[PDB]
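A.B. asks: Before I ask anything, let me first share the structure, which is written out below as structure tokens.
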Number of protein chains: 6
Amino acid sequence: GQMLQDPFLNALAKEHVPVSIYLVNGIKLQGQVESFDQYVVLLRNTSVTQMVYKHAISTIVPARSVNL
Amino acid sequence: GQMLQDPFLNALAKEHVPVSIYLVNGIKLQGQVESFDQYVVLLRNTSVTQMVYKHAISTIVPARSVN
Amino acid sequence: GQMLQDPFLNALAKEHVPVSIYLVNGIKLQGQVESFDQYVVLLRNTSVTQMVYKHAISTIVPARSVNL
Amino acid sequence: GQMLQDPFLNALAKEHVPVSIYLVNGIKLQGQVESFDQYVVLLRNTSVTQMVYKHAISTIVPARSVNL
Amino acid sequence: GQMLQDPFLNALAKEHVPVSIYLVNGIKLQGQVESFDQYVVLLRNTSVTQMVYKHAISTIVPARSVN
Amino acid sequence: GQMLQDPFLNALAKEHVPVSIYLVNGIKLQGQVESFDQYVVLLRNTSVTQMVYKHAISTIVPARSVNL
């Protein structure tokens, strides 16, 4: 395929779908995708927006499927 | 060889072969390859389609071999 | 989106917001972002400025959210 | 040197030499190299051909040395 | 910023500042930065100069801050 | 600096200096550098020549310093 990553992240950011972001160090982050660019995802929880490097993301698991 | 990755992923997706995706953190994901692009594989389980970064994939083990 | 990484790091560096930098090896660094470039972040604690490779950063968690 | 990787993998694939492929997660795969490209190695065991990402390979140890 | 990595490594090498180099596998290396290029740092201990791949470096912690 | 990696590996390969190659998975390989290219190092022990991906190498520690 071509260009599935961005439609997927765009859907998460616009629809505010709850996600679980699994990092290569075993940490699981939870919140909503605020925004993203070439290298990072901005993830907002109850307290803070944190900057997650895509290079450290293994998988992003939405609470429900997004349609692209 | 040249361009074996995409034929492999395409065969999995079009023939709906169940796979095991082993990640660099030891997690094993299971389901169907829905689609893929330069950097990600969309993997569907019982519940949802999740986005897996290729950079975190160690190996993809199909339930049966593809053509 | 496009070019969210640098506005985020710029805000941290100019406003000196305390951060927690989680590395791929599970180490958690704490201090303030002094400066950054394509590949590294300079993080200052009470004692020293250390040079952190972005490739080893999983997430950067500010003590409070920055506006970009 | 220049372009030793491909002659090495070509010898394994054409001569079907048994290999042990050590991954960055400590997993050890065993079988024969079926084929390879820029990013992946196709490794066949008794049951199945699996697709191994080179980025996850630490070392490939043949059962005997190949000449290139 | 732009091009802070090399000034940092150059200061360590020219001022002979002892460093701790933490690797992604948890190993901590100690000694002097001898030299560096696009991909590696040459680190000298008691005995030898070893070649460290930047891709395996998490952080470099100097014994004292550089200018 | 510029182009220190190859002079270092060339010295190891031509002078056959015993090395210890530490991998990101904690494995320590021992032997001599046979050859190398952009992406791999061919390391020979008593039994076999194995192909090591540079991306999985943390550090290469020679038994004695090489002069470049």
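FYI, nothing fancy with the structure tokens labels: chains A, B, ... in order, residues from 1 per chain, ligands from 1 as they appear.
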With a distance cut-off of 10 Å and only C-alpha atoms, select the neighbouring residues of segment 50-57 of chain D, excluding the residue or stretch itself and same-chain residues fewer than 6 positions from it, and output the selection as a ChimeraX atom specification.

C.D. replies: /B:4-5,8-9,19-24,54-66 /D:21-29,31,34-44 /F:51-56

A.B. asks: At a cut-off of 6 Å, list the chain B residues touching chain A, using only C-alpha atoms, as JSON, numbers by chain.

C.D. replies: {"B": [25, 36, 37, 48, 49, 50, 51, 52, 53, 56]}

A.B. asks: Quick one: write out the picked residues with N, CA and C atoms as an mmCIF file, in the first residue's frame?

C.D. replies:
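After the write, result02.cif holds the following:
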data_model
loop_
_atom_site.group_PDB
_atom_site.id
_atom_site.type_symbol
_atom_site.label_atom_id
_atom_site.label_comp_id
_atom_site.auth_asym_id
_atom_site.auth_seq_id
_atom_site.Cartn_x
_atom_site.Cartn_y
_atom_site.Cartn_z
ATOM 1 N N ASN B 25 10.255 -5.980 21.530
ATOM 2 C CA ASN B 25 10.014 -5.981 23.007
ATOM 3 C C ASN B 25 9.511 -7.362 23.485
ATOM 4 N N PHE B 36 -0.651 -2.240 4.544
ATOM 5 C CA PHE B 36 0.711 -1.848 4.940
ATOM 6 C C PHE B 36 1.147 -0.734 3.996
ATOM 7 N N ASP B 37 2.139 0.017 4.423
ATOM 8 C CA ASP B 37 2.747 1.074 3.581
ATOM 9 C C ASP B 37 4.231 1.091 3.892
ATOM 10 N N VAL B 48 -10.177 -4.908 16.941
ATOM 11 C CA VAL B 48 -9.770 -3.647 16.266
ATOM 12 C C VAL B 48 -8.649 -3.882 15.266
ATOM 13 N N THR B 49 -8.462 -2.902 14.399
ATOM 14 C CA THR B 49 -7.256 -2.749 13.553
ATOM 15 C C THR B 49 -6.256 -1.851 14.292
ATOM 16 N N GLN B 50 -5.067 -2.375 14.607
ATOM 17 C CA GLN B 50 -3.981 -1.623 15.265
ATOM 18 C C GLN B 50 -2.894 -1.298 14.233
ATOM 19 N N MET B 51 -2.156 -0.223 14.467
ATOM 20 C CA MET B 51 -1.070 0.215 13.564
ATOM 21 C C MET B 51 0.275 -0.193 14.174
ATOM 22 N N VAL B 52 0.982 -1.107 13.510
ATOM 23 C CA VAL B 52 2.286 -1.654 13.971
ATOM 24 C C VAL B 52 3.379 -1.010 13.126
ATOM 25 N N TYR B 53 4.372 -0.413 13.765
ATOM 26 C CA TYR B 53 5.554 0.159 13.089
ATOM 27 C C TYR B 53 6.473 -0.994 12.701
ATOM 28 N N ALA B 56 9.604 -1.876 14.705
ATOM 29 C CA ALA B 56 9.441 -2.684 15.939
ATOM 30 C C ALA B 56 9.193 -4.171 15.621
#

A.B. asks: For the structure I just gave you, how does DSSP split chain E - specifically, which residues are helix (DSSP H, G or I)? Reply as a PyMOL selection string.

C.D. replies: chain E and resi 5-15+54-56

A.B. asks: Would you please give, as a VMD selection string, all residues of chain B that DSSP assigns to strand (DSSP E or B) based on the backbone?

C.D. replies: chain B and resid 18 to 23 28 to 36 40 to 44 49 to 53 57 to 62

A.B. asks: Could you do a least-squares fit of chain A on chain C over every C-alpha atom, in sequence order, and give the output as a JSON list (two decimals) with N, CA, C and O atoms, in the first residue's frame?

C.D. replies:
[["chain", "number", "residue", "atom", "x", "y", "z"],
["A", 1, "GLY", "N", 0.26, 16.00, 10.59],
["A", 1, "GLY", "CA", 0.80, 17.39, 10.83],
["A", 1, "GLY", "C", 2.19, 17.60, 10.24],
["A", 1, "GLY", "O", 2.71, 16.64, 9.56],
["A", 2, "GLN", "N", 2.75, 18.79, 10.45],
["A", 2, "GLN", "CA", 4.12, 19.17, 9.99],
["A", 2, "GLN", "C", 4.81, 19.98, 11.10],
["A", 2, "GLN", "O", 4.20, 20.92, 11.66],
["A", 3, "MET", "N", 6.03, 19.58, 11.45],
["A", 3, "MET", "CA", 6.98, 20.36, 12.27],
["A", 3, "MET", "C", 6.32, 20.76, 13.60],
["A", 3, "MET", "O", 6.06, 21.97, 13.82],
["A", 4, "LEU", "N", 6.04, 19.76, 14.43],
["A", 4, "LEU", "CA", 5.55, 19.89, 15.83],
["A", 4, "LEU", "C", 6.72, 19.63, 16.78],
["A", 4, "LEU", "O", 6.74, 20.23, 17.86],
["A", 5, "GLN", "N", 7.67, 18.78, 16.38],
["A", 5, "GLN", "CA", 8.78, 18.37, 17.27],
["A", 5, "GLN", "C", 9.55, 19.62, 17.71],
["A", 5, "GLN", "O", 9.74, 19.80, 18.92],
["A", 6, "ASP", "N", 10.02, 20.42, 16.78],
["A", 6, "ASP", "CA", 10.90, 21.57, 17.10],
["A", 6, "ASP", "C", 10.15, 22.62, 17.90],
["A", 6, "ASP", "O", 10.71, 23.12, 18.87],
["A", 7, "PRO", "N", 8.92, 23.06, 17.53],
["A", 7, "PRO", "CA", 8.18, 24.00, 18.37],
["A", 7, "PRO", "C", 8.11, 23.48, 19.81],
["A", 7, "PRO", "O", 8.24, 24.27, 20.75],
["A", 8, "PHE", "N", 7.90, 22.19, 19.98],
["A", 8, "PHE", "CA", 7.75, 21.58, 21.33],
["A", 8, "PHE", "C", 9.08, 21.73, 22.07],
["A", 8, "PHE", "O", 9.09, 22.26, 23.17],
["A", 9, "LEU", "N", 10.19, 21.30, 21.47],
["A", 9, "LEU", "CA", 11.54, 21.38, 22.11],
["A", 9, "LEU", "C", 11.94, 22.85, 22.32],
["A", 9, "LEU", "O", 12.57, 23.14, 23.35],
["A", 10, "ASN", "N", 11.58, 23.74, 21.39],
["A", 10, "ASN", "CA", 11.93, 25.18, 21.49],
["A", 10, "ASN", "C", 11.24, 25.77, 22.72],
["A", 10, "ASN", "O", 11.90, 26.51, 23.49],
["A", 11, "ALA", "N", 9.97, 25.43, 22.91],
["A", 11, "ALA", "CA", 9.16, 25.92, 24.05],
["A", 11, "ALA", "C", 9.83, 25.44, 25.34],
["A", 11, "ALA", "O", 10.01, 26.26, 26.26],
["A", 12, "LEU", "N", 10.23, 24.18, 25.40],
["A", 12, "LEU", "CA", 10.88, 23.61, 26.59],
["A", 12, "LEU", "C", 12.16, 24.38, 26.88],
["A", 12, "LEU", "O", 12.43, 24.64, 28.07],
["A", 13, "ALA", "N", 12.95, 24.68, 25.85],
["A", 13, "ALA", "CA", 14.29, 25.28, 26.00],
["A", 13, "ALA", "C", 14.16, 26.75, 26.42],
["A", 13, "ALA", "O", 14.93, 27.19, 27.29],
["A", 14, "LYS", "N", 13.23, 27.48, 25.81],
["A", 14, "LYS", "CA", 13.05, 28.93, 26.09],
["A", 14, "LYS", "C", 12.34, 29.12, 27.42],
["A", 14, "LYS", "O", 12.66, 30.09, 28.11],
["A", 15, "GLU", "N", 11.38, 28.29, 27.77],
["A", 15, "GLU", "CA", 10.57, 28.48, 29.00],
["A", 15, "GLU", "C", 11.17, 27.67, 30.16],
["A", 15, "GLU", "O", 10.72, 27.85, 31.30],
["A", 16, "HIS", "N", 12.19, 26.85, 29.89],
["A", 16, "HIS", "CA", 12.95, 26.08, 30.92],
["A", 16, "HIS", "C", 12.01, 25.14, 31.70],
["A", 16, "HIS", "O", 12.28, 24.91, 32.86],
["A", 17, "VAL", "N", 10.98, 24.58, 31.07],
["A", 17, "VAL", "CA", 9.96, 23.74, 31.74],
["A", 17, "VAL", "C", 10.63, 22.45, 32.20],
["A", 17, "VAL", "O", 11.30, 21.81, 31.41],
["A", 18, "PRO", "N", 10.47, 22.03, 33.48],
["A", 18, "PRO", "CA", 11.05, 20.78, 33.93],
["A", 18, "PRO", "C", 10.51, 19.63, 33.11],
["A", 18, "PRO", "O", 9.32, 19.60, 32.84],
["A", 19, "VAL", "N", 11.38, 18.71, 32.73],
["A", 19, "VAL", "CA", 10.97, 17.54, 31.90],
["A", 19, "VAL", "C", 11.48, 16.26, 32.54],
["A", 19, "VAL", "O", 12.45, 16.28, 33.33],
["A", 20, "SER", "N", 10.81, 15.20, 32.15],
["A", 20, "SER", "CA", 11.25, 13.81, 32.38],
["A", 20, "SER", "C", 11.48, 13.20, 30.99],
["A", 20, "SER", "O", 10.54, 13.28, 30.13],
["A", 21, "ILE", "N", 12.70, 12.72, 30.74],
["A", 21, "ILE", "CA", 13.03, 12.11, 29.42],
["A", 21, "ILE", "C", 13.18, 10.61, 29.65],
["A", 21, "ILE", "O", 14.10, 10.21, 30.37],
["A", 22, "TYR", "N", 12.28, 9.82, 29.09],
["A", 22, "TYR", "CA", 12.31, 8.34, 29.25],
["A", 22, "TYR", "C", 13.11, 7.74, 28.09],
["A", 22, "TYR", "O", 12.76, 8.01, 26.94],
["A", 23, "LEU", "N", 14.16, 6.98, 28.40],
["A", 23, "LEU", "CA", 15.04, 6.36, 27.38],
["A", 23, "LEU", "C", 14.61, 4.92, 27.13],
["A", 23, "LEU", "O", 13.89, 4.31, 27.98],
["A", 24, "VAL", "N", 15.01, 4.40, 25.98],
["A", 24, "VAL", "CA", 14.60, 3.04, 25.54],
["A", 24, "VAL", "C", 15.15, 1.98, 26.52],
["A", 24, "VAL", "O", 14.56, 0.90, 26.52],
["A", 25, "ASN", "N", 16.21, 2.26, 27.30],
["A", 25, "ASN", "CA", 16.83, 1.33, 28.29],
["A", 25, "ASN", "C", 16.11, 1.42, 29.66],
["A", 25, "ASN", "O", 16.62, 0.81, 30.63],
["A", 26, "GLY", "N", 14.99, 2.14, 29.76],
["A", 26, "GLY", "CA", 14.22, 2.30, 31.01],
["A", 26, "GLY", "C", 14.73, 3.43, 31.90],
["A", 26, "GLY", "O", 13.99, 3.76, 32.86],
["A", 27, "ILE", "N", 15.91, 3.99, 31.66],
["A", 27, "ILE", "CA", 16.41, 5.16, 32.44],
["A", 27, "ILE", "C", 15.40, 6.31, 32.26],
["A", 27, "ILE", "O", 14.90, 6.54, 31.12],
["A", 28, "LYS", "N", 15.14, 7.03, 33.34],
["A", 28, "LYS", "CA", 14.37, 8.29, 33.32],
["A", 28, "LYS", "C", 15.32, 9.43, 33.69],
["A", 28, "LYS", "O", 15.81, 9.44, 34.83],
["A", 29, "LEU", "N", 15.55, 10.37, 32.77],
["A", 29, "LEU", "CA", 16.37, 11.58, 33.06],
["A", 29, "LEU", "C", 15.43, 12.73, 33.47],
["A", 29, "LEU", "O", 14.31, 12.83, 32.91],
["A", 30, "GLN", "N", 15.91, 13.59, 34.36],
["A", 30, "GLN", "CA", 15.13, 14.78, 34.76],
["A", 30, "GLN", "C", 16.01, 16.02, 34.70],
["A", 30, "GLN", "O", 17.19, 15.95, 35.02],
["A", 31, "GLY", "N", 15.42, 17.11, 34.26],
["A", 31, "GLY", "CA", 16.10, 18.40, 34.21],
["A", 31, "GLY", "C", 15.37, 19.32, 33.27],
["A", 31, "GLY", "O", 14.15, 19.19, 33.13],
["A", 32, "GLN", "N", 16.11, 20.22, 32.66],
["A", 32, "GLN", "CA", 15.55, 21.17, 31.67],
["A", 32, "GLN", "C", 16.31, 21.00, 30.36],
["A", 32, "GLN", "O", 17.55, 20.75, 30.37],
["A", 33, "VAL", "N", 15.59, 21.16, 29.26],
["A", 33, "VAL", "CA", 16.19, 21.22, 27.91],
["A", 33, "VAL", "C", 16.96, 22.54, 27.79],
["A", 33, "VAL", "O", 16.36, 23.60, 27.93],
["A", 34, "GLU", "N", 18.28, 22.44, 27.61],
["A", 34, "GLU", "CA", 19.21, 23.58, 27.39],
["A", 34, "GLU", "C", 19.17, 23.96, 25.91],
["A", 34, "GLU", "O", 19.07, 25.14, 25.58],
["A", 35, "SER", "N", 19.19, 22.97, 25.02],
["A", 35, "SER", "CA", 19.30, 23.15, 23.56],
["A", 35, "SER", "C", 19.14, 21.79, 22.90],
["A", 35, "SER", "O", 19.08, 20.80, 23.63],
["A", 36, "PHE", "N", 19.01, 21.77, 21.60],
["A", 36, "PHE", "CA", 18.79, 20.55, 20.81],
["A", 36, "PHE", "C", 19.17, 20.84, 19.36],
["A", 36, "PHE", "O", 19.21, 22.01, 18.94],
["A", 37, "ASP", "N", 19.40, 19.79, 18.60],
["A", 37, "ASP", "CA", 19.63, 19.93, 17.14],
["A", 37, "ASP", "C", 18.99, 18.72, 16.46],
["A", 37, "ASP", "O", 18.11, 18.11, 17.09],
["A", 38, "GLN", "N", 19.37, 18.45, 15.22],
["A", 38, "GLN", "CA", 18.77, 17.33, 14.45],
["A", 38, "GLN", "C", 18.76, 16.02, 15.27],
["A", 38, "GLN", "O", 17.78, 15.26, 15.19],
["A", 39, "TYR", "N", 19.86, 15.72, 15.97],
["A", 39, "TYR", "CA", 20.08, 14.36, 16.53],
["A", 39, "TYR", "C", 20.09, 14.34, 18.06],
["A", 39, "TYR", "O", 19.93, 13.23, 18.62],
["A", 40, "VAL", "N", 20.34, 15.46, 18.74],
["A", 40, "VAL", "CA", 20.56, 15.37, 20.21],
["A", 40, "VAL", "C", 19.74, 16.42, 20.94],
["A", 40, "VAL", "O", 19.31, 17.43, 20.30],
["A", 41, "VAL", "N", 19.55, 16.15, 22.22],
["A", 41, "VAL", "CA", 19.00, 17.08, 23.24],
["A", 41, "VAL", "C", 20.03, 17.24, 24.36],
["A", 41, "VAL", "O", 20.45, 16.22, 24.92],
["A", 42, "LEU", "N", 20.40, 18.49, 24.68],
["A", 42, "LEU", "CA", 21.26, 18.85, 25.82],
["A", 42, "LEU", "C", 20.35, 19.07, 27.04],
["A", 42, "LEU", "O", 19.54, 20.00, 27.07],
["A", 43, "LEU", "N", 20.46, 18.20, 28.03],
["A", 43, "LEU", "CA", 19.60, 18.23, 29.24],
["A", 43, "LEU", "C", 20.46, 18.62, 30.44],
["A", 43, "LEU", "O", 21.48, 17.95, 30.67],
["A", 44, "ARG", "N", 20.07, 19.68, 31.15],
["A", 44, "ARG", "CA", 20.81, 20.17, 32.33],
["A", 44, "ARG", "C", 20.04, 19.74, 33.59],
["A", 44, "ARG", "O", 18.82, 19.99, 33.67],
["A", 45, "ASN", "N", 20.74, 19.13, 34.53],
["A", 45, "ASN", "CA", 20.23, 18.81, 35.90],
["A", 45, "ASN", "C", 20.94, 19.76, 36.86],
["A", 45, "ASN", "O", 21.44, 20.80, 36.39],
["A", 46, "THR", "N", 21.01, 19.42, 38.15],
["A", 46, "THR", "CA", 21.64, 20.26, 39.20],
["A", 46, "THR", "C", 23.15, 20.33, 38.98],
["A", 46, "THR", "O", 23.74, 21.38, 39.30],
["A", 47, "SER", "N", 23.74, 19.28, 38.43],
["A", 47, "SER", "CA", 25.21, 19.08, 38.39],
["A", 47, "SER", "C", 25.77, 19.41, 37.00],
["A", 47, "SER", "O", 26.75, 20.16, 36.93],
["A", 48, "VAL", "N", 25.17, 18.89, 35.93],
["A", 48, "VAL", "CA", 25.85, 18.78, 34.61],
["A", 48, "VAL", "C", 24.85, 18.93, 33.46],
["A", 48, "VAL", "O", 23.67, 18.65, 33.66],
["A", 49, "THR", "N", 25.34, 19.38, 32.30],
["A", 49, "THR", "CA", 24.63, 19.26, 31.00],
["A", 49, "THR", "C", 25.08, 17.96, 30.31],
["A", 49, "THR", "O", 26.29, 17.84, 30.02],
["A", 50, "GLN", "N", 24.16, 17.03, 30.06],
["A", 50, "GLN", "CA", 24.47, 15.76, 29.36],
["A", 50, "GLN", "C", 23.87, 15.80, 27.95],
["A", 50, "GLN", "O", 22.90, 16.54, 27.73],
["A", 51, "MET", "N", 24.47, 15.06, 27.03],
["A", 51, "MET", "CA", 24.01, 14.98, 25.63],
["A", 51, "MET", "C", 23.24, 13.68, 25.43],
["A", 51, "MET", "O", 23.86, 12.60, 25.54],
["A", 52, "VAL", "N", 21.94, 13.79, 25.14],
["A", 52, "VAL", "CA", 21.01, 12.66, 24.96],
["A", 52, "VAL", "C", 20.73, 12.52, 23.47],
["A", 52, "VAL", "O", 20.38, 13.51, 22.86],
["A", 53, "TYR", "N", 20.94, 11.32, 22.91],
["A", 53, "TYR", "CA", 20.57, 11.04, 21.51],
["A", 53, "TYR", "C", 19.06, 10.86, 21.42],
["A", 53, "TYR", "O", 18.51, 10.02, 22.14],
["A", 54, "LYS", "N", 18.42, 11.61, 20.52],
["A", 54, "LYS", "CA", 16.97, 11.45, 20.22],
["A", 54, "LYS", "C", 16.65, 9.99, 19.92],
["A", 54, "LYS", "O", 15.57, 9.51, 20.36],
["A", 55, "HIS", "N", 17.53, 9.27, 19.23],
["A", 55, "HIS", "CA", 17.23, 7.87, 18.83],
["A", 55, "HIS", "C", 16.95, 7.01, 20.07],
["A", 55, "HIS", "O", 16.30, 5.97, 19.89],
["A", 56, "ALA", "N", 17.45, 7.39, 21.25],
["A", 56, "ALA", "CA", 17.29, 6.63, 22.52],
["A", 56, "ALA", "C", 16.12, 7.16, 23.37],
["A", 56, "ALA", "O", 15.82, 6.58, 24.44],
["A", 57, "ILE", "N", 15.50, 8.27, 22.96],
["A", 57, "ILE", "CA", 14.35, 8.87, 23.68],
["A", 57, "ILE", "C", 13.07, 8.15, 23.25],
["A", 57, "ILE", "O", 12.81, 8.05, 22.03],
["A", 58, "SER", "N", 12.28, 7.72, 24.21],
["A", 58, "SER", "CA", 10.93, 7.17, 23.94],
["A", 58, "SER", "C", 9.92, 8.31, 24.02],
["A", 58, "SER", "O", 9.24, 8.59, 23.02],
["A", 59, "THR", "N", 9.88, 9.00, 25.16],
["A", 59, "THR", "CA", 8.90, 10.09, 25.38],
["A", 59, "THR", "C", 9.50, 11.17, 26.28],
["A", 59, "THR", "O", 10.40, 10.87, 27.13],
["A", 60, "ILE", "N", 9.04, 12.40, 26.06],
["A", 60, "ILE", "CA", 9.44, 13.58, 26.87],
["A", 60, "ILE", "C", 8.18, 14.12, 27.53],
["A", 60, "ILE", "O", 7.22, 14.49, 26.81],
["A", 61, "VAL", "N", 8.17, 14.10, 28.86],
["A", 61, "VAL", "CA", 6.97, 14.44, 29.66],
["A", 61, "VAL", "C", 7.29, 15.71, 30.42],
["A", 61, "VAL", "O", 8.10, 15.70, 31.35],
["A", 62, "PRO", "N", 6.67, 16.83, 30.03],
["A", 62, "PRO", "CA", 6.86, 18.09, 30.73],
["A", 62, "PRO", "C", 6.06, 18.09, 32.05],
["A", 62, "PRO", "O", 5.05, 17.43, 32.15],
["A", 63, "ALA", "N", 6.53, 18.89, 33.01],
["A", 63, "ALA", "CA", 5.84, 19.13, 34.31],
["A", 63, "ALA", "C", 4.51, 19.85, 34.07],
["A", 63, "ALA", "O", 3.58, 19.64, 34.86],
["A", 64, "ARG", "N", 4.42, 20.63, 33.00],
["A", 64, "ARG", "CA", 3.18, 21.30, 32.55],
["A", 64, "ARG", "C", 3.18, 21.34, 31.02],
["A", 64, "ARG", "O", 4.30, 21.39, 30.44],
["A", 65, "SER", "N", 2.01, 21.44, 30.39],
["A", 65, "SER", "CA", 1.89, 21.50, 28.91],
["A", 65, "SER", "C", 2.47, 22.82, 28.38],
["A", 65, "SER", "O", 2.27, 23.85, 29.01],
["A", 66, "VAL", "N", 3.19, 22.75, 27.25],
["A", 66, "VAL", "CA", 3.71, 23.94, 26.51],
["A", 66, "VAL", "C", 2.73, 24.26, 25.39],
["A", 66, "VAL", "O", 2.15, 23.31, 24.84],
["A", 67, "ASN", "N", 2.50, 25.53, 25.10],
["A", 67, "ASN", "CA", 1.56, 25.91, 24.02],
["A", 67, "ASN", "C", 2.41, 26.42, 22.86],
["A", 67, "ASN", "O", 3.37, 27.17, 23.13],
["A", 68, "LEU", "N", 2.10, 25.98, 21.64],
["A", 68, "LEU", "CA", 2.95, 26.14, 20.43],
["A", 68, "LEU", "C", 2.19, 26.96, 19.38],
["A", 68, "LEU", "O", 1.98, 28.16, 19.58]]

A.B. asks: By how many Å are atom CA of residue 47 of chain B and atom CA of residue 31 of chain B apart?

C.D. replies: 10.2 Å

A.B. asks: Calculate how many Å separate atom CA of residue 42 of chain E from atom CA of residue 67 of chain E, rounding to one decimal.

C.D. replies: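 For atom CA of residue 42 of chain E relative to atom CA of residue 67 of chain E, the distance reads 20.5 Å.
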
A.B. asks: Give me, please, the distance in Å between atom CA of residue 14 of chain E and atom CA of residue 2 of chain E, quoted to one decimal.

C.D. replies: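 Those two atoms sit 20.8 Å apart.
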